[PDB]
Amino acid sequence: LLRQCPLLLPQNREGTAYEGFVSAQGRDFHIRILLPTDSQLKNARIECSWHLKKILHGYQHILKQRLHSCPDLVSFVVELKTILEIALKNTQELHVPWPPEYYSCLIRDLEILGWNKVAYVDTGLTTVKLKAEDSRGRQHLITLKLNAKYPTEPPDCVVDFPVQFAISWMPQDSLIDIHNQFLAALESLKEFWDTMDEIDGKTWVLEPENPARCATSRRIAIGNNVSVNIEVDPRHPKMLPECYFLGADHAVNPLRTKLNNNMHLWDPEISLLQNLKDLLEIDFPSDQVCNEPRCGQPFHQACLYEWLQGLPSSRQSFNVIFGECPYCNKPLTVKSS
């Protein structure tokens, strides 16, 4: 009962419902609370106390608790402790307790300067944007962690790579030589990346146009009015790939016949534009203004290539019209942009 309350048990003259200087080692809040002399919920401090210790910053769902008036004298303290423990976990989201003065940031600068700052992008202790180092088209990423400079391996392993392109087994948090320690061994995936880049050098199709080095999508669409969905998502395969190139409706017969007969003339080692692309005679071709009075809302005016809807784009505006509202997030679809 009384135990576990490092700051509680006020003057018993009028209940002593203060409990000043009570916290779970994170923040010793104030005692700006009243002692209700009634049956229950006489004079609380939820949004009514001084709040000198940042108590008023509690903008959570206060109505959900309802002041915990259903409980008893002990139930009130139980609910208060539960709310405090719940708010202690939420602190990880905000930045009201990230001290960082653990001496690791200072020691991290030594390892950071040891590399000579070859290619750095991020700063402010967030992460290092070091990538692109390779004998071909380089596209990588970096980040920072919490236990940097200590035995805690850095968890900010954000970088373009396959489903297994991620290093582990941090030998005492080896910060320096990160590109050579684990980035040099990435040649296995770099070879496939360069092969895909060389295969996608020409023959513009309806496949992913934006940079998708982390993934793979085969969209030839050489046939007029159709799109050959010959995906190349398979990274581990050397050559001899095949996708569902269902571009032309009637052309499915000749393409299907060429794919069936292509079994003998597969040309796996020459499938890079020879046995796969041109194997079966395949040539590469060449402001949130709604309707109601609430018409005030901003939106990114950079590009609206898919402003018709969030999920649907370039489809019939009759059924699939209101895709989503990611630019405003209000009660309105994308049928007006």
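The residue numbers you see begin from 1 on each chain and track the sequence as written, which may not match the entry, and residues missing coordinates are not shown. Remember that the shown chains come from a larger assembly, so read each value as a statement about the shown part. Calculated side-chain values reflect all of the structure's heavy atoms, with hydrogen atoms and water omitted. Residues with missing side-chain atoms are left out of burial classes, side-chain pairs and their counts.

Looking at the method and resolution fields of the entry, one finds cryo-EM and 4.2 Å.

Student: Lay out the overall build of the chain with the relevant residues and their values.
Tutor: The number of helices and strands found in the chain is 7 helices and 0 strands. Helices and strands appear in the chain in the N-to-C order α-α-α-α-α-α-α. A radius of gyration in this sense is built from C-alpha atoms; the matching globule rule multiplies 2.2 Å by the number of residues raised to 0.38. For a compact globule of 337 residues, the expected C-alpha radius of gyration is about 20 Å, and the chain comes in at 31 Å, more than 25% above that figure. Counting only C-alpha atoms and orienting by the principal axes, one finds that the chain spans roughly 95 × 60 × 35 Å. The helix count covers DSSP runs of H or I at least four residues long, the strand count covers runs of E at least two residues long, and both are numbered beginning at the N terminus.

Student: Kindly report on the domain arrangement of the chain, identifying the contributing residues and their values.
Tutor: Note that domain bounds follow an automatic or database assignment of domains. Each assigned domain of the chain is listed here: domain 1 (1-98), domain 2 (99-197), domain 3 (200-286) and domain 4 (287-337). Taking only C-alpha atoms, the centre of domain 1 and the centre of domain 4 are 44 Å apart.

Student: Requested: an account of unusual backbone geometry, with residues and values cited.
Tutor: In this structure, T16 is a non-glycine residue whose phi angle is positive, near 65 degrees. By secondary structure assignment, the location of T16 is in the segment before α1 (62-65). Look at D267: it is not a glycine, yet its phi comes out positive at around 60 degrees. With respect to the helices and strands, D267 occurs in the loop between α6 (252-261) and α7 (271-275).

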